[PDB]
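Visitor: Experimental coordinates follow, after the sequence.
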Amino acid sequence: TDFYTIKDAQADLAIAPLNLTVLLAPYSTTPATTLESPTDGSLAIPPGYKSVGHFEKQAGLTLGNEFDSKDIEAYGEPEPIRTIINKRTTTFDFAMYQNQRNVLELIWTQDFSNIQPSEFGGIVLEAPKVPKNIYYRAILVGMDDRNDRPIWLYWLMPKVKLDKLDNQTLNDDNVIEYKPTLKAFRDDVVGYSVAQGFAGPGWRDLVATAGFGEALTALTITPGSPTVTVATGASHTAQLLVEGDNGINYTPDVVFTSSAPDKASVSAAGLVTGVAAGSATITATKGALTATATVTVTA
Amino acid sequence: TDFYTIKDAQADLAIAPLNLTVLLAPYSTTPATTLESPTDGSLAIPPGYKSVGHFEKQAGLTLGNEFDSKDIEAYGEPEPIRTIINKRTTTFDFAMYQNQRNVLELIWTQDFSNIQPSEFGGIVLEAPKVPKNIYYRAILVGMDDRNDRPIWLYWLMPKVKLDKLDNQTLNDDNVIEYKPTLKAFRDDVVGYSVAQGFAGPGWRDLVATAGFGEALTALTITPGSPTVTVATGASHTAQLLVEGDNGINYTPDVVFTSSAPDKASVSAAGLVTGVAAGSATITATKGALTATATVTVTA
Amino acid sequence: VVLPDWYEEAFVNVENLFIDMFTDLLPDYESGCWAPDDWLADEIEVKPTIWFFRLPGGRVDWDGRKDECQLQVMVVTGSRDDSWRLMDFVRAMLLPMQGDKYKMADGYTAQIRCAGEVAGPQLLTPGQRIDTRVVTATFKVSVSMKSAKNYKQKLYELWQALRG
Amino acid sequence: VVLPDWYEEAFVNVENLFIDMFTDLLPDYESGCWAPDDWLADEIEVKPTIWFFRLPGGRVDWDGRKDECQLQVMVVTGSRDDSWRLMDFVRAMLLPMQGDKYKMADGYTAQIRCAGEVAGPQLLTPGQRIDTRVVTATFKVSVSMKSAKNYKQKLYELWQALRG
Amino acid sequence: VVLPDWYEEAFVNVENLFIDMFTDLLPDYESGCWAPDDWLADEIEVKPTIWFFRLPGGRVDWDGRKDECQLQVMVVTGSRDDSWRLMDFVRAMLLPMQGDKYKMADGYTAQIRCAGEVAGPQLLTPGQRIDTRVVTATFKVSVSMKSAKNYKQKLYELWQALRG
């Protein structure tokens, strides 16, 4: 039969991160549960997230999720029954090129806030007398682009600290390489340690294909018969919002066509201003689904 | 003498799997003892078997069957007498490209059913507070094609769980690689842990050559003297079924030739409708064996 | 055609597979493994043609029922954009081939295992042909064998009959 | 243009991306992948031109949605200093390219992953052209794929319709 | 000279560095990277000249602010002993170069990191030129970059202005 269908080798939603900008924040900064702003559809970050800089290009980041389990058997069983798992530590190591405030703070485990540059620029980076176990907020967001709607993926973690610093070579063939591995810890005020998040306008196109939620099969414009005043009044302009069967907005991607531009014209932004009093029909399609809406315009 | 005969180097039934589509099912799904539908001869799977996606092409799956034994000797014996074996764990690791529901569920050991995509597509993959040892149903079926009759082989296993997750590299030279190894466990309601199964119409050709059962040396059409009505009645059409000495049907492959098409004509499907009343002779051959059947047609 | 009857065939002739499947896909544009005189008659306007020429590279194992060859893809047409889009179509029809079947007019249906890539497209400079645009690329195509049974027996009895 | 409708495109044609982006950046200086007759008409004074010719090197994986090619950069002009500064500008615009987008007139916007370097500048000796100064460099440019969906289905139904 | 103002320069042009520093060291003996007609006018008696021609070899990393090239040293003069002593002087001035600064007439001062050696002296046979003695050697010279800031921004706003 059609074994390719049951294979389900889509080979289209396999996103590959490109810009692994590792955001660092102090412990005082409140961690954010999402990397997307629920007001427009773009990316927003709370204040305090400062990028580490540029990471290794030829090698890149090597994230490792070590698993440690245990077997229990005391009554003569050929196989381990109830195989429990104890440790699920996640470690990742990335190289560094630039020497800025956050990088030195992370590599020396200090708070270089009271330090001040001298009158001639002379500075000293002091190792602590007692090594403080300062915790940091780490954000590991990747990038993938599909036309004008990219794919945003990130490795959310609200607690991380130094685990081991590898030996660095500062010879005359490469720049100084700071590649310390960090083991992710578990936070208490939020209840999660490592989180995988997908965002971006492009992810909306393939969220149904990925199997999350339900498939997009129905759509309807929420304003049934909106009324807009011809004059520049309070209700002169109106905003449309089409809702699908998956409970996700489809405004920024689905375009709206006004069959009667004389009465009211709707652009891609979904604005409903109205040119002349009357009734108009608006059709919204993206690539396969057609939805019809009726807009009434009066003075 | 003829040492090639005693070598028995057939070199023809050595099948190589091509499409290693790993089917994943939840624990609630009832495992199936076979991957073939005993009604037509094609492949059928019970609902709940969802393909993981696409696996690594350059490396592929590396299944390992580790064996652990023990030796007993207490009376001064030069060799270990009664060498018992204790562990026969089977482990297999395969890489993954796509990021869909089943892959994320397997890699994070959670049940992302209560989760719902946000109004802007924002989602979070939450690691469990306590790592649940959720078990999965795994089907590892391969593919090999010989003319129009392919060869189906599968690695049936009704219990599997995560064993270890290897470190993944997400640098700018390849897509994210999820290659976790899974150790097969032993199921209780069915009594088997790992099963090897061969199916497909092509396997019928070489099942005798493989030594399973007995060699195909006899054949006979089960309907001796079938009677078909000329008019469109209840018994207007009849279905033939030739049975060999191995107790296996040979209908889809053996072709039937009607020596008297005026009375009754039999196609490759074995249909017996009858054109005119009388007696007809049908000969069934595949490549070496000839079987004769007599069909009586009357109004 | 005086080959012995006990031997039918050994391999699949994967280039014949490819030329036949491309001709069947788009009969309007001819494809083959030679240079027909009719095509060479007109050069300012040329019917787009796909050429497959066998190149060395890749081992073979009779035991594993696996064969591979570095078959190259060469496309010639009257426009660079047309050549590039035809090469893109060929690459889309060849690279994502993992266990795919296709039947020949001989009777057997071949099985393509994997079609790799060795060298990228080559925009060869116009030499003998000036107006025509040619792009050359090499593919690592692996195909299965039709019949892998050994012919030790018949050779042995022929030797015994001839000398003993 | 008689390609099947169910197939739209496979790859990006990264050299078209590069020539279009360079023409858009500085429209005064023309750039392309050929040798126009108008440019060859005058040789003592030549408009600086950037040429991109595809060269072999680099694998490709359909599963990973990654493509790479050893596209070379060749600049020709009437002064050695002008060629050197143009090559420096090209390297400044190409080497620091890590996840960068640019849109074509076709409609899709390409994504350049990483543009490496293989061979340094090549001040070729003046052969057929004497006054013009030419510098050749090779770049390892990796680009993403537009659509990576497989076309097994349509080929299978076409085969079934043709033979069965 | 119609290059955009927001871009100043990318690389150092290390061969210009070397020719300028050699001309400044000994102004009596001219050095360069070309073949002036005045020098070619007289061949029985030739002013000793040092020629630097860029050759392939060596990678480059923008993140590390490191650049390298296999720049070769070719010396031509009227005596074998003079050529040998000039090559020895060049090697004395080049091999022990570890973090050395030198300023150009443009305004910036370059930084030579390390000048390696690949191939030894090559006493080329007298071909077109008979009386002149020529010795060829190749050096692996690594130089730092002037400015390594990325130009993603301006390209992005130019793209946004052109299309959106």
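Guide: Noted; the coordinates are in hand. Residues are numbered from 1 along each chain as shown, chains lettered A, B, ... in the order given.
Visitor: so does the strand ranked longest in chain C get close to chain B?
Guide: If each strand of chain C is counted by residues according to DSSP state E, the longest one is strand C:109-123. Yes. Legend: contact between strand C:109-123 and chain B by CB under 8 Å from any CB of the partner chain is shown at C:109, C:111, C:113, C:114. Every C-beta, even on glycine, is put in place using the N, C-alpha and C of the backbone.
Visitor: Please tell me which one of these counts the most neighbours.
Guide: When neighbours are counted by other CB atoms under 10 Å in any protein chain shown, residue C:111 leads the residues of strand C:109-123 next to chain B with 23 neighbours.
Visitor: can you list the residues of chain A near chain C?
Guide: A:9, A:11.
Visitor: residues in chain A within reach of chain E, list them.
Guide: Counting by CB under 8 Å from any CB, the residues of chain A that sit close to chain E are A:54, A:57, A:97, A:172, A:173, A:174, A:175.
Visitor: between those, which is nearest residue C:71?
Guide: For residue C:71, the nearest member of those is residue A:57. The distance, counting by CB to CB, is 34.9 Å.
Visitor: hmm, back to that, can I get the buried part of the residues of chain A next to chain E as one ChimeraX selection?
Guide: With 16 or more other CB atoms under 10 Å in any protein chain shown as the criterion, this ChimeraX line picks the buried residues out of the residues of chain A next to chain E:
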select /A:54,57,97,175
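Visitor: of the residues of chain A next to chain E, list those near chain D.
Guide: Of the residues in the residues of chain A next to chain E, proximity to chain D by CB under 8 Å from any CB holds for residue A:57.
Visitor: May I ask which two of the residues of chain A next to chain E are separated the most?
Guide: Within these (distances taken as CB to CB), the two that end up farthest apart are A:54 and A:172, at 20.7 Å.
Visitor: mind listing what's buried in the longest helix along chain A?
Guide: Here the longest helix in chain A is taken by residue count, with DSSP state H as the criterion, and it is helix A:101-108. When burial is assessed from 16+ other CB under 10 Å, helix A:101-108 yields the following buried residues: A:102, A:103, A:105, A:106, A:107.
Visitor: Stretch C:119-127 now?
Guide: Of the residues in stretch C:119-127, C:119, C:120, C:121, C:122, C:123 count as buried by neighbour count, 16+ other CB under 10 Å.
Visitor: what about the residue of the stretch 51-200 of chain A found nearest chain B, how many neighbours?
Guide: Residue nearest to chain B within the stretch 51-200 of chain A: residue A:60 (2.3 Å; CB to the nearest CB). Applying other CB under 10 Å, we find 18 other residues in the vicinity of residue A:60.
Visitor: where does the residue of chain C found nearest chain A land in three-state SS?
Guide: When distances are taken as CB to the nearest CB, chain C approaches chain A most closely through residue C:96, which lies 7.2 Å from it. With DSSP: H, G, I helix; E, B strand; the rest coil as the basis, residue C:96 sits in coil.
Visitor: tally of neighbours for it?
Guide: A count of nearby residues for residue C:96, using other CB under 10 Å, gives 20.
Visitor: Can you list the residue ranges for helices in chain C?
Guide: In chain C, the helices defined using DSSP H lie at C:14-25, C:37-41, C:80-94, C:152-162.
Visitor: and those helices as TSV, adding mean neighbour count and distance to residue B:186?
Guide: Compiled in TSV, the helices of chain C are given as follows (neighbours: other CB atoms under 10 Å in any protein chain shown; distance: least, CB to CB, whole Å):
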stretch	mean neighbour count	distance to residue B:186
helix C:14-25	19	45
helix C:37-41	10	66
helix C:80-94	20	44
helix C:152-162	11	45
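Visitor: Can you tell me which of the ones you listed is nearest to residue A:163?
Guide: Shortest separation from residue A:163 across the helices of chain C is recorded for helix C:80-94, at 44.2 Å, computed as CB to CB.
Visitor: Need the distance between the two termini of stretch A:20-39.
Guide: Using CA to CA, to the nearest Å, the gap from the first to the last residue of stretch A:20-39 comes to 25 Å.
Visitor: Run the contact check for that stretch versus chain B.
Guide: Yes. Stretch A:20-39 comes into contact with chain B when judged by CB under 8 Å from any CB, the residues involved being A:20, A:33, A:34, A:35, A:36, A:38.
Visitor: ok so, going back, got the buried residues of helix A:101-108 as a markdown table, with distance to residue C:131 columns?
Guide: As requested, the buried residues of helix A:101-108 are exported to a markdown table (distance: CB to CB, whole Å):
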| residue | distance to residue C:131 |
| --- | --- |
| A:102 | 61 |
| A:103 | 59 |
| A:105 | 66 |
| A:106 | 63 |
| A:107 | 63 |
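Visitor: Cross-check the residues you listed against chain B and keep the overlap.
Guide: Among these, no residue lies close to chain B (CB under 8 Å from any CB).
Visitor: Looking at the residues you listed, which is nearest chain E?
Guide: Of all the buried residues of helix A:101-108, residue A:103 has the smallest distance to chain E: 13.9 Å, by CB to the nearest CB.
Visitor: wait, isn't that closest one in contact with residue A:54?
Guide: No. In this structure, residue A:103 sits apart from residue A:54 without contact. The criterion is CB atoms under 8 Å, and the distance is 10.4 Å.
Visitor: Quick check: neighbours shared by those two?
Guide: Common contact partners of residue A:103 and residue A:54 (CB atoms under 8 Å, 6 or more residues apart in numbering or on different chains): residue A:96.
Visitor: residues contacting the residue of chain C closest to chain A?
Guide: Applying CB under 8 Å, 6+ apart, one finds that residue C:96 lies in contact with A:11, D:62, D:148, D:150, D:151, D:152.
Visitor: in which helix or strand would I find the closest residue to the last one other than its chain neighbours?
Guide: Nearest residue to residue D:152 in three dimensions, chain neighbours excluded: residue A:4, at 4.5 Å (CB to CB, 6 or more residues apart in numbering or on different chains). Here residue A:4, judged by DSSP states H and E, is contained in helix A:3-7.
Visitor: export stretch C:83-101 as CSV, just CAs?
Guide: Taking only C-alpha atoms (Å, rounded to 0.1, in the frame of the first residue of the first chain), the coordinates of stretch C:83-101 have been written out as CSV:
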residue,chain,number,x,y,z
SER,C,83,18.7,24.7,-17.0
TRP,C,84,18.8,25.7,-13.3
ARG,C,85,15.1,25.0,-12.8
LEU,C,86,15.3,21.6,-14.5
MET,C,87,18.3,20.8,-12.3
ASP,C,88,16.3,21.8,-9.2
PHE,C,89,13.4,19.6,-10.3
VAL,C,90,15.7,16.7,-10.9
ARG,C,91,17.3,17.2,-7.5
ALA,C,92,13.9,17.3,-5.8
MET,C,93,13.0,14.1,-7.6
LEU,C,94,16.3,12.3,-6.8
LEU,C,95,17.6,13.4,-3.4
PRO,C,96,14.4,12.5,-1.3
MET,C,97,14.4,9.0,-2.7
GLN,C,98,14.4,6.4,0.2
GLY,C,99,13.1,3.0,-0.8
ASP,C,100,11.1,3.9,-3.9
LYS,C,101,9.7,1.5,-6.6
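Visitor: Starting from residue B:170, give me the distance back to the residue lying closest to residue A:61 once chain neighbours are set aside.
Guide: Distance criterion CB to CB, 6+ apart; nearest residue to residue A:61, sequence neighbours excluded, is residue A:94 at 4.2 Å. When CB to CB, to the nearest Å is the yardstick, residue A:94 and residue B:170 sit 10 Å from each other.
Visitor: And residue C:139, by the same measure?
Guide: Look at residue C:139 and residue B:170: by CB to CB, they are 29 Å apart.
Visitor: Please apply the same query to residue A:68.
Guide: From residue A:68 over to residue B:170 (counting by CB to CB), the distance is 23 Å.
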